[PDB]
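This document starts with one chain, in the form deposited in one PDB entry, laid out as structure tokens.
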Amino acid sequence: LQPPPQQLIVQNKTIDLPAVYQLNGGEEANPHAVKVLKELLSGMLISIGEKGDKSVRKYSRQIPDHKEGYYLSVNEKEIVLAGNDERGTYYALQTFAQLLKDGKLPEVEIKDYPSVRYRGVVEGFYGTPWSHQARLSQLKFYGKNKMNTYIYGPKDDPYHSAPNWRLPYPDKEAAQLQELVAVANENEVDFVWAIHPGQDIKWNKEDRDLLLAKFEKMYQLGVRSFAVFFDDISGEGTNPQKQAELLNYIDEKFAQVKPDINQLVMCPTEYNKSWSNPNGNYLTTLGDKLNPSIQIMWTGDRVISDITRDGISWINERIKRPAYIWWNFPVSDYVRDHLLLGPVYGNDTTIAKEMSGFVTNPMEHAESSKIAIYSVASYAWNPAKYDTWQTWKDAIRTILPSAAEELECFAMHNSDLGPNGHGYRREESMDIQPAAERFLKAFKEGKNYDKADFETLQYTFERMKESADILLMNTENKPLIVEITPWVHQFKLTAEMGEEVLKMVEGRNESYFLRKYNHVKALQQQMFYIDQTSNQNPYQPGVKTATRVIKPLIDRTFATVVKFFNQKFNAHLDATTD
């Protein structure tokens, strides 16, 4: 079960999904939840509803008193799916669908609710914006994983940024947004429309209600949640009193005047500790003057950082509310030549009460981002039960059941950022790291390497090639495969290089060695070709893979083995990989 319930009792028996059922509550439970339920089955009583519905009266003491909470029960005589509110019943069904395997249900009893109020994704990365279809797919994935939040803002959409923010959406674009909003609604996600006025806004009555008027227009289109960004604001616009006053005005005239506005969030100009002036008074001012119903976004101690108890105390003390965390992972828009497919880890698991929200900023690779996104959904719903490694594997098995082992193999070796401008790193290839390290230490001093570590490495390379070739031809998730194809090609080429280098280590004779050596040089050059021709971008063009442990192991083994050959046969073979 992902995310894992707050409370779960499994009774060790298993019942059949009823051949014949009595559906009680179908006309008064959340229609989004009923829709899912009716999809799941084509007599035994099944009761669906929210606290206060007639249909769930019997079980209202079992329904948790938390927003988005629910009670779920399965046993011999009946099935209960009962939310504390509408979204909660929908969340009951997302768990129910995960329990239902081969027409059979386990006998269980669940009491569940989220530890973090707002959970989901911010579309805030640089690079090729996601397509329309990518976003419809993301929205459905958020619903399944009980993420309640999507902060919109594609960079090819000019009507949320300076200067066309003042201007309303054109007809054809409007209807597309409208489709996003509708799909979000259906999946119980708050479509949060973010405005980015900072670049060209003035503190005067005119810009003041061009914003209001814009929000109203967005309201007519179905938008029920809103964000305002000040990260990019300049000059007098960095005044926290002026910012507070604008947002409070938006709160007073709009958020509190409308019946059904959910989220209202702002991004401050000081959005991490290291970009905060110690002598200034930006955040305390903002925290004193901003209405209490308005969230303040925060990335932690640095632009890229994992959230700690000290970090969250330091900010919460100043804005006088629990920070709304923006986590800059797996976003790779500053290491564009890397894919970040590793586990999600580093965030403190005891600090749920200290955060109002937790949203991840993903990659420009929408589908490849689902691994971290699923993990974040799991962390933010139940941090205290959060299992990094198990959640990673579940995500992979969920995203690509037909080739889960292959995707795991691939992702294990595509997780580190490599060295970069934020100094942010992730672990990679941990499984084979000790075998690598030993081999490298031993071999380098003509002191025998272990046969078992040689075999581990051989085994790895063989497995990488199989994984790579299976992944290329996989048709269960074509969008995913299209995103990762350049890296998969490069990852395969890496595996081949490693195999040929290991045949150089086992050097049989002079002729065979030179054959292997020429093949490695040719393979290097194919890697360079892909790096010069795929994923070209002004910032970090190209395709890097297996960069933490595996490629340095291969480069060094190659450099070393060529050195020994130059010594033994008086040759001058090039020993570089550069």
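So that there is no doubt, residue numbering starts at 1 and follows the sequence shown. Between two forms, the rigid core is the largest collection of C-alphas that superpose within 1.5 Å.
Enquirer: Would you say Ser42 goes unmodelled in a third or more of the other compared entries?
Expert: Yes, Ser42 lacks coordinates in at least a third of the other compared entries that model both of its neighbours.
Enquirer: Would you mind checking whether any residues of the deposited sequence sit unmodelled between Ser42 and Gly43, and how many (none, 1 to 3, 4 to 9, 10 or more)?
Expert: Unmodelled stretch: 4 to 9 residues.
Enquirer: Tell me which stretch has the larger mean Cα B-factor in this entry, 135-143 or 502-510.
Expert: Per the PDB record, 502-510.
Enquirer: Would 160-168 or 334-342 have the larger average of its C-alpha temperature factors, as given in the entry?
Expert: Stretch with the higher mean C-alpha B-factor: 160-168.
Enquirer: Highest Cα B-factor in the PDB entry belongs to which of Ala352, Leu440, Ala82, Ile307?
Expert: That would be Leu440, according to the entry.
Enquirer: For the CA B factor values reported in this entry, which option in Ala184, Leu105, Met473, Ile399 has the top one?
Expert: The listed residue with the largest C-alpha B-factor is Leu105.
Enquirer: Comparing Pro322 with the other modelled residues of its chain, is its CA B-factor in the lowest, middle or highest third?
Expert: Middle third.
Enquirer: For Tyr449, return the chain-relative third of its C-alpha B-factor as stated in the PDB record: lowest, middle or highest.
Expert: It falls in the top third of the chain.
Enquirer: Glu428: which third of its chain by C-alpha temperature factor?
Expert: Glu428: CA B-factor falls in the lowest third of its chain.
Enquirer: Rank-wise, by C-alpha B-factor, drop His32 into the lowest, middle or highest third of its chain.
Expert: It falls in the middle third of the chain.
Enquirer: Among the modelled residues of this chain, does the Cα B factor of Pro552 put it in the lowest, middle or highest third?
Expert: It belongs to the lowest third of the chain when residues are ordered by C-alpha B-factor.
One more form of this protein exists, namely the form deposited in another entry; it is left out here, but the text below deals with it.
Enquirer: Which one moved? Candidates are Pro383, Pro343, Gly237, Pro486, criterion is a Cα shift of 2 Å or more between the shown form and the other one after superposing on the core.
Expert: That would be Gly237.
Enquirer: Aligning on the core only, does the CA of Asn204 end up 2 angstroms or more away between the shown form and the other one?
Expert: True for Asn204: a C-alpha shift of 2 Å or more.
Enquirer: Inspect the rigid-core superposition and answer whether the C-alpha of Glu86 shifts by 2 angstroms or more between the shown form and the other one.
Expert: Result for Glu86: no, shift under 2 Å.
Enquirer: Align on the rigid core first; then say whether the Cα of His160 has moved by at least 2 Å between the shown form and the other one.
Expert: After core superposition, the C-alpha of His160 moves 2 Å or more between the shown form and the other one.
Enquirer: Check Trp326 against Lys155 at the C-alpha atoms and report closer or farther in the other entry, compared with the shown form; the change is 3 Å or more.
Expert: Compared with the form shown here, the C-alpha atoms of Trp326 and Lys155 sit closer together in the other entry, by 3 Å or more.
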